[PDB]
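This document opens with one chain alone, in structure tokens, the form deposited in one PDB entry.
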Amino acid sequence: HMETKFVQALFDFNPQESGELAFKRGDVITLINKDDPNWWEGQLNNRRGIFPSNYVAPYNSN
């Protein structure tokens, strides 16, 4: 009973390692899931990755 949720980042993230998504400030990130209340997976309009959701804020959400 869930769907995709667009969020807006509030800090640049340059993950050199694999697994973490690459996002910028105020960058729209399509939430892929929320396995952990701390780390949320998202797709930067293409590239997927995991990162602390605390570095963003729901935009398209309610």
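Numbering starts at 1 and runs along the sequence shown.
This next part talks about the form deposited with a partner chain bound, which is not shown.
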item	value
Residue contact check: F6 to its partner chain in the deposited complex, 4.5 Å heavy atom	no
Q16 within 4.5 Å of its partner chain in the deposited complex, heavy atoms	yes
Contact label in the deposited complex: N45 to its partner chain, heavy atom within 4.5 Å	no
